[PDB]
Amino acid sequence: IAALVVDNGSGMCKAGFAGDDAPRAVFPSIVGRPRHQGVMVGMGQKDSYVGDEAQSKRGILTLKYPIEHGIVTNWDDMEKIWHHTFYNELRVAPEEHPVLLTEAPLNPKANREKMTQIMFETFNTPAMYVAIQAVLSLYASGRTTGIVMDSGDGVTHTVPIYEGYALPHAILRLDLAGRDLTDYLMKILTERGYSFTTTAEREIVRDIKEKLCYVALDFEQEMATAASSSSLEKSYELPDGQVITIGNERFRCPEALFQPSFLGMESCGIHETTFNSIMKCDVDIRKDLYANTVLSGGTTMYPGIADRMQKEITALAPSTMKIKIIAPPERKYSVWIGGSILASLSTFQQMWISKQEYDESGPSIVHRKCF
Amino acid sequence: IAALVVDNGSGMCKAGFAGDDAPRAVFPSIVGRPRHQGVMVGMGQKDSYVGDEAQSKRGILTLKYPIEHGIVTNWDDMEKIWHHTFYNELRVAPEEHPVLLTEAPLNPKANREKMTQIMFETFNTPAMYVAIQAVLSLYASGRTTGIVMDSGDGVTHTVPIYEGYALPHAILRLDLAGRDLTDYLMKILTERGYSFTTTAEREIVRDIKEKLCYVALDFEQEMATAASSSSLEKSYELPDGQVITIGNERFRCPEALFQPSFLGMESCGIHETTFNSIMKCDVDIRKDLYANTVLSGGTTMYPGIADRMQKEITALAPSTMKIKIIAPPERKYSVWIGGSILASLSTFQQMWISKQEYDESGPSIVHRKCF
Amino acid sequence: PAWXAXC
Amino acid sequence: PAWXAXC
Amino acid sequence: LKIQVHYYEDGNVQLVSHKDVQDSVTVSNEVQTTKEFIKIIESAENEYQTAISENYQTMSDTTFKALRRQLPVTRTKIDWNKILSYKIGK
Ligand SMILES: Nc1ncnc2c1ncn2[C@@H]1O[C@H](COP(=O)(O)OP(=O)(O)O)[C@@H](O)[C@H]1O
Ligand SMILES: Nc1ncnc2c1ncn2[C@@H]1O[C@H](COP(=O)(O)OP(=O)(O)O)[C@@H](O)[C@H]1O
Ligand SMILES: [Mg+2]
Ligand SMILES: [Mg+2]
């Protein structure tokens, strides 16, 4: 039987069977409910739409993300996401196949506990493992020594991993993520009088970000150009047909990854957290990391972010280093791909916790393997 | 005129006139700058704040320590700490009283010049001296021989002082201290779902470290008890009124002082660096030292730390050497206390570098001493 | 409706 | 807000 | 120039070393040659001691580490369950 691989991303759920080269199910991790009383009873409405359903019916629903910064905040909402993942999106009985769960680094013990409990007892999975997302990210490029800079909708994190072993004390988390950049995008679009408030409107702003924002290579000269010619500014049209112009705002939004001060976060920028994790690594190995900075997760998709990460972390490194930013295509779903790779293998076939083990030993098996 | 005694500690600056048995000023050595714009211009708001003003204003300031690990990082920030010490904390003109500066052993020779030049040329001190911290500690403890284990916010220092002299060859500077220990508390709190990131938030964690945390006499026995029963669990509520619930974390943090492995530190633990220092001595003085183990500086305060230190270092020494741990109260301040005594000696009143001596010799006064 | 798009 | 005492 | 040290309190450690020096000089006066030869001896012995203290207290830690490490590449103590089970990738 083929194990099931699920990337529990904060914004989108990527899932499939082991050995697929790309995820089968790729959908926004949304649970919806209706904002108004239902009146055409002959329609036969259902009380909570999920995934692409909620995104289809958008403006009659309140939209809930159950995962905030990797923390599962609402469990019955997340349980419905997994129910839909299994019975509808993949069409499989999860009690008959082993399951691979991705998880974010430095995420509290209880999240793994409740994930475990729900898998082993709501879905009765037969065997299971929970992988540190960055491991899978590095593995996805086929390399086995580097530092990963992961940056999803909910978490940005830096993990050094050498000869395939992680450095746990040298990990960093920064919660400034894709949602936060959507937040700041609202605020700056408000300057040109484009207000967006409802969750539905939030999704419009997410769409806008995903197609007109880009990482400026040279912020000062760019912003001087933006104050000198309209040629850097362009437009997009709403689901309401009307056009909206995105301008200075284009670059100002993604600039925040390097300047978290712009969202009033004192926390260091992504170039600083990568550097500050390399400098937490043992003095020997820093070279091996500089040739192997791998980017992963969807907010690493901004045009020019690689160029900026390079030209920035260049300044943080000493001169005479091969500072090479590994930013391929498929970085989008890389984490999942790595899951599928690792899942296919007899060595990893030792790692999966048997349901029976958990059943007999309680949470005491997972309380170890979470490190 | 009476002398002024100043302790340039990593975390808190302890200061006051000589002969006194408690310092007249005790404050966190912080330069705190604005995080945000001062819109209410009528406040008379400051370019930076210091000490208890910064700690009151915590929520709106970027808190920078000018000493990190043990070295001054930015001279003008330290210079502000000193200016504030004189004019605000003590309300005195530094031109008018002799001055003593504490200093760490093996601090590079140029630092002595910078301190000396600032104290004469910025602050016009009428006489000056610079002293090895650790000496003052034993001196304050009365005894004329022993091994110091001094640990504040930045450096753990071990010195065997014999016939009233530091033995320089035996001095084991250890980069593990209070600040480093604070970081690890952040992580073990994270396990249970509490988060803290901003440099303001760091100081909140410091308050917790100084209250709930303690040293267990034997690690897994205690931990097994804690894993069995919630009896070992206590609480402390943040400025935002929510209680934190804490058990297993309480002994786990300061365990690190015995296990630098927990933080990936290559250097040995606190008992270890003490032994490892003892063994370097002229062999005849070994027993003179073992009866004379002296603890000091703020990190030495944790409940059970002395009893643990005894059971720990007893393993390393050959038995029947009668190892004894001097750890009464008031050891929070032994270093500054020592200087206050030293500055009361009539011979020392002859021995200061005078203002007139520096005004003829400049910083070259130290070149006879520094080799 | 007061703003440009949006309300 | 996610976090138990922080976000 | 040669140095030899032995310690044996419980186990044993030994230091063994040589340096060879070649130089060229010019001859002027009895006082000046006296001073000059001494200056060379002074310089050579003080540099030789300076290297053998200051370099060996740091660089020997790094080369001895390159022969066997103090903590692993992970900077963590190894874990027997994961070490038995996980033949981690090439
Ligand atoms: N073309 C794009 N440019 C910038 N950001 C993007 C782009 N496409 C997707 N994203 C961001 O990727 C984030 C989610 O990526 P992903 O890692 O797949 O989901 P999750 O973060 O939940 O695991 C979203 O917040 C979205 O803003
Ligand atoms: N009662 C206590 N419990 C735990 N930690 C303490 C206590 N008192 C002081 N400390 C720690 O000692 C550190 C500073 O020690 P101290 O030697 O007084 O400062 P410095 O070395 O800068 O002079 C602080 O970071 C503080 O966390
Ligand atoms: Mg993700
Ligand atoms: Mg001190």
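Residues numbered from 1 in each chain as written, not as in the entry; some residues may be left out. Chains lettered and ligands numbered in written order. Part of a larger assembly, values for the part shown. Heavy atoms only, no water. Residues with missing side-chain atoms left out of burial classes, pairs and counts.

Determination of this PDB entry was carried out by cryo-EM to a resolution of 3.8 Å, according to the record.

Listed in the archive, the entry goes by the title "Structure of capping protein bound to the barbed end of a cytoplasmic actin filament".

Looking at the PDB entry, one finds chain A named Actin, cytoplasmic 1, with Bos taurus as its source organism. Per UniProt, the comment on chain A under Catalytic activity is "ATP + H2O = ADP + phosphate + H(+)". Here chain A is described in UniProt, under the heading Sequence similarities, as follows: "Belongs to the actin family." (UniProt positions renumbered as here; feature names shortened; annotations may be inferred.)

Now for the sheet that holds strand β2 (residues 12–17) of chain A. Residue and element names in this part refer to chain A. Spatial ordering of the open sheet is given by β3-β2-β1-β8-β9-β18, a layout of six strands whose pairing is mixed. Of all the strands in the sheet, just β3 (25–28) and β18 (353–354) have a single pairing partner and so form its edges. Two elements, strand β8 (residues 99–103) and strand β9 (residues 127–132), share five bridges in a ladder whose sense is parallel. In the sheet register, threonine 102 faces β9, and the bridge partner there is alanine 131. Sitting on the sheet, helix α2 (residues 75–90) touches β1 (4–7), β2, β3 and β8, and the angle it makes with β3 is about 140°. Strands in contact with helix α12 (residues 334–343) are β1, β2 and β8; relative to β1, the strand with the most contacts, it is inclined by about 155°. (Pairing = 2+ DSSP bridges. Helix = DSSP H or I, 4+ residues; strand = E, 2+ residues; numbered from the N terminus. Contact = heavy atoms within 4.5 Å. Axes fitted to C-alpha atoms, helices over the stretch in contact; angles between N-to-C directions.)

The next subject is the sheet that holds strand β6 (residues 61–64) of chain B. Backbone-to-backbone hydrogen bonds join strands into a sheet, with any given pair of strands oriented parallel or antiparallel. Residue and element names in this part refer to chain B. Across the sheet, which stays open at both edges, the three strands sit in the order β5-β4-β6 with antiparallel pairing between neighbours. The open sheet has two edge strands, β5 (49–50) and β6, and neither has a second partner. Bridge analysis of strand β4 (residues 31–34) against β6 gives four bridges, and the strand direction is antiparallel. Bridge pairing in β6 places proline 34 opposite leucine 61. Each of β4 and β5 touches helix α2 (residues 75–89); the most contacted strand, β4, lies at about 110° to it.

The subject of this paragraph is the site of ligand 2. Residues and elements named next belong to chain B. Around ligand 2, 16 residues are found, and the nearest of them are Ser10, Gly11, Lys14, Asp153 and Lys209. At 3.3 Å from an oxygen atom of ligand 2 is found a side-chain nitrogen or oxygen belonging to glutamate 210. Take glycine 298: an N or O atom from its main chain is 3.1 Å from a nitrogen atom of ligand 2. Sorting the residues of the shell around ligand 2 by element identifies β2 (12–17) and α6 (199–209) as the ones contributing at least two each. Here the residues of the shell around ligand 2 are counted per class, giving three nonpolar, seven polar and six charged. (Near = heavy atom within 4 Å. Polar contact = N/O pair within 3.5 Å; in protein donor to acceptor, adjacent residues only side chain to side chain. Nonpolar A, V, L, I, M, F, W, Y, C, P; charged D, E, K, R; others polar.)

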